[PDB]
Amino acid sequence: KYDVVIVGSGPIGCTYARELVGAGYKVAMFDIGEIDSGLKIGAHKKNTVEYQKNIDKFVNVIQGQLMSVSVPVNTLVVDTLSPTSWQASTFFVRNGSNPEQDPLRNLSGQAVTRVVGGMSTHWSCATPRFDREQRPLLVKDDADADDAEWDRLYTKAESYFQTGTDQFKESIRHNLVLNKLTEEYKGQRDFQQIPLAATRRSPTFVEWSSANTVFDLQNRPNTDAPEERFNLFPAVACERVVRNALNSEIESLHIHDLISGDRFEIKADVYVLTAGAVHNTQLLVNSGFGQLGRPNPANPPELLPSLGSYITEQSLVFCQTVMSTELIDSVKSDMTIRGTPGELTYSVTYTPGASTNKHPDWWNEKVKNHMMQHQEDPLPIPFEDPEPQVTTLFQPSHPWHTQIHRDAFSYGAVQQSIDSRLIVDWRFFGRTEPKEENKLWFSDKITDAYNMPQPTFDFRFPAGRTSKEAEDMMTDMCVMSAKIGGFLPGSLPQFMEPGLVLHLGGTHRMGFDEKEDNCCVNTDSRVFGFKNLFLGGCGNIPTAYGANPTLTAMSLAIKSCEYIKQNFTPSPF
Amino acid sequence: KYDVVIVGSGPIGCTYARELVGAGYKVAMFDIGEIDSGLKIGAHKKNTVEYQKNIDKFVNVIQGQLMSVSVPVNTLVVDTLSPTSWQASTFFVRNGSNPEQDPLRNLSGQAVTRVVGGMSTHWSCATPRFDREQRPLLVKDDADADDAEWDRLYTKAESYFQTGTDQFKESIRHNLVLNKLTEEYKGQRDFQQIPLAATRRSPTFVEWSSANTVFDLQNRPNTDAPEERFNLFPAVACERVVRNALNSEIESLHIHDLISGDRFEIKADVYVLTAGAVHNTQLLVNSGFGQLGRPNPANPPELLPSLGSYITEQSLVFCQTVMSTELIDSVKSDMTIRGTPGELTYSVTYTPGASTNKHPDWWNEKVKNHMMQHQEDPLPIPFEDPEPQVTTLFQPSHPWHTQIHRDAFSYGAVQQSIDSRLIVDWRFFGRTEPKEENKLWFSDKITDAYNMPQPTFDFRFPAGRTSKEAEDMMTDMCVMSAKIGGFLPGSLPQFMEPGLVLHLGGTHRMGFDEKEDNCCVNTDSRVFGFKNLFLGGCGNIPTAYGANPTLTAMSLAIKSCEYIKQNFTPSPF
Amino acid sequence: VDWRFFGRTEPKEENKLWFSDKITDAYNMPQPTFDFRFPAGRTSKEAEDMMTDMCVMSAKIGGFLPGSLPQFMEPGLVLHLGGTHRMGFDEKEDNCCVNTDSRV
Amino acid sequence: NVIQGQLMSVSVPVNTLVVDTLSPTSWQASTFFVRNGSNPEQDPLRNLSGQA
Ligand SMILES: *Cc1cc2c(cc1C)nc1c(=O)[nH]c(=O)nc-1n2C[C@H](O)[C@H](O)[C@H](O)COP(=O)(O)OP(=O)(O)OC[C@H]1O[C@@H](n2cnc3c(N)ncnc32)[C@H](O)[C@@H]1O
Ligand SMILES: *Cc1cc2c(cc1C)nc1c(=O)[nH]c(=O)nc-1n2C[C@H](O)[C@H](O)[C@H](O)COP(=O)(O)OP(=O)(O)OC[C@H]1O[C@@H](n2cnc3c(N)ncnc32)[C@H](O)[C@@H]1O
């Protein structure tokens with residue numbers, strides 16, 4: 001018996017933990033995955049000395065924990081087997097593929113992560129706010145009020161994640177890019193640092209935020225928390241919440257301890273599902289909400305008819321550039337140079353404080369030192385100079401999010417031929433109109449690796465605005481990236497596979513009114529009809545958004561937690 | 001002040017910990033890497049429910065922690081940059097390459113792993129014994145005595161690692177392969193299960209051994225060890241051991257706490273280096289043993305002249321096969337089949353205990369169940385059937401180690417087209433003659449990511465036996481693999497990049513006599529001349545070996561630990 | 001649909017085709033050798049504005065075909081090499097080889 | 001294929017690609033010497049590699 005139970009230990013789950021363990025509830029949290037992030041439970045895997053000295057290698061950590069959601073049956077022809085080897089007569093169901101999935105209407109790139117801390121153990125930590133156009137209303141007919149509430153919620157969310165916008169302010173590459181872009185779009189667009197959940201510790205080490213940052217996930221009571229009550233149970237698959245006959249309350253959470261193989265049931269007053277956009281929906285449909293199986297409109301669901309419909313995922317375009325000759329020369333524009341590199345008479349000098357210096361003394365000092373200490377190196381940028389982290393946020397005239405940066409998650413065998421200091425990544429993210437015909441559904445025959453109903457997508461980017469904007473987005477990336485340099489061969493401008501972007505939303509969408517707004521949960525994230533069932537995550541977001549959704553989902557959880565504290569009484573300790 | 005200090009937390013380091021913490025020494029161990037394996041410190045990363053349900057993904061975990069030792073300057077031509085982008089006039093030193101390294105005499109595949117538990121957090125857990133031909137002598141002129149000692153040492157080593165040979169005995173694929181090979185080579189070669197440091201927990205879960213298995217790496221005293229004394233310090237780079245003027249004893253270990261940036265010195269009575277074959281040699285050469293810089297025979301080292309010479313690494317050949325039609329039909333040879341799959345009259349039956357049954361009832365039952373429960377599936381092998389794990393050990397008439405199996409570390413984007421149940425991996429490993437001209441050396445100008453002398457290889461597989469055997473090895477793999485099925489397209493027979501195999505040996509080699517045997521340490525693994533300095537690891541092994549070296553290195557550490565216990569007195573507690 | 005945009009290149013003295021006095025080609029003639037880079041200045045700016053134009057204009061007709069993404073081709077693949085024996089009125093003033101009748 | 005069959009490259013620089021998975025028994029280069037009709041005079045970084 002707990003006061004509250006949480007399914008999932010991602011940062012949205014941890015938002016609920018932090019709020020509710022702190023309010024004095026007896027909390028239990030289960031995760032289907034295991035603790036594997038070192039002694040700080042649920043922390044960012046990027047935060048080791050070894051990874052920030054070899055950041056190129058972290059792509060492999062991310063790849064190692066992205067398990068594809070739905071993989072269609074494979075139809076590749078292999079006709080150079082030896083005559084003696086067993087050979088197929090058909091393309092039969094092999095290697096865990098999903099025979100329900102149409103390869104041409106899939107989110108082939110969608111994947112899930114089963115570890116403690118969830119995807120926040122590997123994420124890129126960008127946490128922009130949504131402007132009105134991207135955000136669901138929290139207050140009808142009172143825009144300035146709706147604005148205040150979101151400002152209040154986001155401000156707390158930024159606290160929990162330790163969101164900041166100046167962690168890269170000392171980077172020559174970052175400023176080089178930022179300044180050129182501002183200059184080029186003078187009074188048509190604004191550029192700034194990407195808001196990032198991150199704390200710099202030194203010039204060569206950044207403590208990337210994660211679930212741990214939100215809530216440290218240590219069992220309580222403990223010494224630094226002697227009146228709080230929290231237990232985390234890793235390696236527990238949660239399978240069904242049990243409805244009462246009235247469909248007014250949840251009575252139990254049914255679980256599978258993966259290590260012993262035993263199943264149990266768990267009672268709480270308050271049930272919170274934060275298993276992610278896909279696995280929330282799976283858990284619910286496994287529990288009698290929505291509809292199991294291939295959509296059949298001639299049998300409507302009894303509960304939550306909009307569950308798994310109106311799903312959104314963002315179009316992503318990508319390239320990388322090599323920094324222009326012009327920009328590179330500009331780095332060292334303040335330097336007077338005498339002699340020829342490599343002789344003892346060679347000299348690179350600047351005049352501090354000189355009025356006609358285009359850069360600050362700190363920048364000049366770095367450049368001078370690098371050029372004198374490394375006279376074999378043909379570039380003015382210091383070896384350890386931190387990466388760019390630039391954005392122009394979504395606007396109506398440019399309704400896409402942009403990151404102009406360096407991401408651990410590169411999409412191909414990485415280059416060694418071109419100097420890393422010249423390379424900038426470009427990622428533009430489009431907003432997707434939510435549509436009823438775009439669905440995530442669960443097979444009533446096929447099951448996944450945990451013996452749950454197999455997830456299946458039926459998705460295409462909507463015709464209309466979504467398609468036009470995506471193409472205008474691609475074109476924008478081409479136009480804007482040219483200002484900084486030419487495309488890097490092998491990273492030419494391209495749309496990424498659908499869902500690789502991992503910003504799936506709308507799978508258990510929020511709204512004021514279940515029928516009128518075609519939704520699943522209300523603005524307290526409570527499941528309509530149910531007193532004690534709450535959903536947290538990107539699944540909640542009902543709007544077409546381009547920016548990274550996590551901070552938004554977090555803000556919604558905070559408001560959800562206000563409701564719980566005002567409506568349920570913690571047990572005595 | 002400690003009684004003993006150990007550098008490195010790999011399983012060889014942990015062998016020293018286990019022996020010495022258990023003998024009652026005050027032990028400290030430092031690792032340059034960090035704890036990141038979940039709550040069991042130093043354990044196998046493969047031991048999560050999620051990885052053994054998605055084993056294909058573990059390749060990414062291994063890749064994420066293999067940092068290449070020496071990467072030559074890159075000379076690839078990129079001539080499709082945009083005219084505007086900064087373009088090189090030369091192939092200058094970019095992206096951490098090593099300008100000292102000749103690309104044509106490198107071990108390009110050699111890599112290191114900096115995490116707590118070392119490479120044992122990701123290794124494949126094969127732990128064969130070496131036969132006399134592969135093993136260094138521990139006793140001169142008394143072969144039967146030398147045999148007994150090694151039998152004694154290996155038997156303990158197998159205990160520590162939990163080595164077993166029956167963990168896969170229930171696998172249809174494993175037995176299918178094993179039995180065919182035995183049959184084919186009848187009375188010319190013997191096949192058995194690869195000895196593996198592993199404990200099966202269930203039919204779908206194997207607890208893979210690691211450093212943790214050897215020693216749990218928890219700080220002591222603690223409740224289950226209240227009179228023992230051990231501390232582990234992660235994120236500490238050890239840089240130099242300090243010699244006394246006499247070169248008879250080590251006086252301190254010099255360290256760098258990576259998290260605070262501060263340097264300290266550490267006193268112990270006994271210093272143990274187990275940082276791996278490369279990083280032991282680096283630590284030593286950084287400390288005035290051997291020779292820093294490009295080999296210069298006209299300036300001999302003062303100490304340990306053979307340090308970094310005579311290095312061995314094994315030739316590795318690889319392919320994968322698709323199981324023959326014949327073998328696949330044999331699986332179901334005992335089945336009577338009526339009707340046609342997919343109708344309710346279809347029937348697969350066998351007669352238990354029937355004299356003419358070629359397989360045991362358990363095998364038949366599995367096959368019958370699979371064929372009746374999955375009538376859409378064209379193969380008689382059950383979905384969860386464990387992988388093959390077969391070997392014929394090195395002999396004189398076949399002087400190579402062989403693994404006929406399924407390895408998490410596949411060498412290419414993996415297939416989805418061919419059913420996984422049909423696929424077997426083939427890895428044959430050759431022995432390399434140790435030669436003086438084959439060297440690992442450290443630059444006196446270039447430094448690595450931890451500001452230590454940059455490692456550089458000068459290696460070629462020796463002409464003579466080594467080259468002939470390697471080619472006869474390749475041919476053997478072709479001949480033997482054909483017995484089981486044809487090559488899988490995309491995994492055709494090939495030599496792997498030198499050192500990818502990660503069995504590097506001989507870098508601080510063991511022998512009776514420093515000059516006569518051209519070696520660094522004696523049979524107690526003590527550095528010649530030095531009372532209190534010991535080396536552990538594959539670096540010690542002075543012979544040409546084909547089998548996987550870790551259990552051998554462990555046995556040597558055990559004997560090293562006998563010496564220490566008989567020669568140094570633990571402090572009072 | 002294929003999209004090919006072709007830029008103009010400023011002629012420069014330092015951009016040269018020359019022939020080895022030691023190395024010979026398959027017909028035992030002096031081996032051809034290039035010393036070429038696209039000129040800084042207008043040539044480089046125009047080439048990049050050209051790439052951008054192709055992106056902007058091609059979008060009007062449809063999205064890029066995967067495997068044929070926008071890219072600069074290897075120098076000279078285009079096979080429009082010019083200026084190697086260039087024409088002009090006056091040999092010294094116009095730095096040239098042949099006159100307007102193409103006579104040397 | 002007809003076009004490719006009649007375009008002979010004008011100047012091909014000496015090749016520097018590393019092949020380190022030869023069998024130990026096979027003849028192996030110690031240098032990137034002039035092979036297969038390459039032109040040692042040509043700087044790979046200032047070429048018209050596509051000219052034919
Ligand atoms: C992978 C990734 C994600 C990512 C990113 C780049 C990459 C490479 N960049 C980010 C960006 O810069 N910022 C942005 O806002 N998001 C970014 N993302 C996405 C981010 O990681 C996710 O949006 C965020 O993690 C969502 O958080 P939430 O807490 O909602 O979900 P979760 O992290 O997926 O964790 C859910 C967990 O629950 C578990 N689970 C799943 N099913 C069950 C069941 N049945 N029972 C018990 N537990 C369950 C998981 O194992 C998991 O930990
Ligand atoms: C990666 C791998 C290795 C492997 C294998 C397959 C793969 C993919 N398969 C194995 C096989 O089946 N069996 C076989 O016997 N070996 C197999 N291997 C090899 C195995 O992992 C290694 O042989 C074994 O781990 C060697 O153990 P040892 O304890 O000698 O070395 P280590 O694991 O590399 O750990 C050394 C550590 O010390 C650290 N370090 C390095 N430098 C320093 C300094 N300067 N200061 C402090 N610490 C240092 C490391 O971080 C490390 O943990």
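Lettering of chains follows the sequences in order, A, B, ..., and the numbering in each one begins at 1. The figures that follow rest on heavy atoms only: side chains count, while hydrogens, waters and symmetry mates do not. All ligand and atom numbering here is 1-based and tracks the order in the structure.
The protein heavy-atom contact nearest to atom 23 (O) of ligand 2 is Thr550(B) OG1, 2.8 Å. The protein atom (non-hydrogen) at minimum distance from atom 9 (N) of ligand 2 is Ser124(B) N, 3.2 Å. At the shortest separation from atom 31 (O) of ligand 2 among protein heavy atoms lies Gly276(B) CA, 4.0 Å. In terms of protein heavy-atom proximity, atom 18 (N) of ligand 2 is nearest to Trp123(B) CB, 3.8 Å. The protein atom (non-hydrogen) at minimum distance from atom 41 (C) of ligand 2 is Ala275(B) O, 3.4 Å. Among protein heavy atoms, the minimum distance from atom 14 (C) of ligand 2 is reached at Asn548(B) CB, 3.2 Å.
Distances between N or O atoms of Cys125(B) and those of ligand 2 include at least one value under 3.5 Å. For the pair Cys238(B) and ligand 2, the shortest N or O to N or O distance falls below 3.5 Å. Note: an N/O pair closer than 3.5 Å links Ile32(A) and ligand 1 by distance alone. The N/O atoms of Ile12(B), backbone and side chain alike, include one that comes under 3.5 Å of an N/O atom in ligand 2. In terms of polar-atom proximity, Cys538(A) is not counted as a contact of ligand 1, lacking any N or O under 3.5 Å from an N or O of the ligand.
Closest heavy-atom approach to atom 12 (O) of ligand 2 among the candidates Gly42(B), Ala126(B), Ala197(B), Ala408(B): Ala126(B). Among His279(A), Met29(A), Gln63(A), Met119(A), the residue whose heavy atom sits closest to atom 34 (O) of ligand 1 is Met119(A). Nearest to atom 8 (C) of ligand 1 by heavy atom, out of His122(A), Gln403(A), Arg114(A), is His122(A). Taking only non-hydrogen atoms, the option from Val7(B), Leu196(B), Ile6(B), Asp31(B) nearest to atom 51 (O) of ligand 2 is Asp31(B).
Using a non-hydrogen distance threshold of 4.0 Å, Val236(A) registers as a contact of ligand 1. Every heavy atom of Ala553(A) sits 4.0 Å or more from the atoms of ligand 1. Residue contacts with ligand 2: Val116(B) is excluded, as none of its non-hydrogen atoms falls under 4.0 Å. Distances from ligand 2 to the non-hydrogen atoms of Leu283(B) include no value under 4.0 Å. In this structure, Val115(A) is part of the shell of residues with a heavy atom less than 4.0 angstrom from ligand 1.
Of all the atoms in ligand 1, the ones that sit under 4.0 Å from a non-hydrogen atom of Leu502(A) are 1 (C), 2 (C). Ligand-side atoms of ligand 2 in range of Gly118(B): 33 (O), 35 (O), 52 (C), 53 (O), range being under 4.0 angstrom from any heavy atom.
How far OG1 of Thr121(A) is from NZ of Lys45(A): 5.0 Å, rounded to the nearest 0.5 Å. Within the model, atoms CG of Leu66(B) and NZ of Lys57(A) stand 6.5 Å from one another, a figure rounded to the nearest 0.5 Å.
Counted by atom type alone, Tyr450(A) and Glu50(B) present one or more donor-acceptor pairs between their side chains at under 3.5 Å. A donor-acceptor contact closer than 3.5 angstrom is absent between the side chains of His44(B) and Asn212(B).
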Residue pair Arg114(A), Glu34(A): steps toward the salt bridge (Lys or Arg N to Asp or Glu O under 4.0 Å) verdict:
CA-CA 8 Å; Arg114(A) 295 171 190 99; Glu34(A) 284 173 85; over 6 Å; no
Ring pair (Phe, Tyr, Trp, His ring centres under 6.0 Å) between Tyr271(A) and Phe534(A), worked out:
CA-CA 6 Å; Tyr271(A) 305 84; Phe534(A) 302 83; 9.8 Å; no
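No option in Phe161(B), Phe409(B), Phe58(B) other than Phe161(B) meets the ring-ring contact (aromatic ring centres under 6.0 Å, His included) test with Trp123(B).
Judged as a salt bridge (charged side-chain N to carboxylate O under 4.0 Å, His left out), and not counting sequence neighbours, the contacts of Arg129(A) are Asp151(A), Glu158(A). Partners of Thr274(A) under the side-chain hydrogen bond (donor to acceptor under 3.5 Å, both in side chains) rule, at least two apart in sequence or in another chain, do not exist in this structure.
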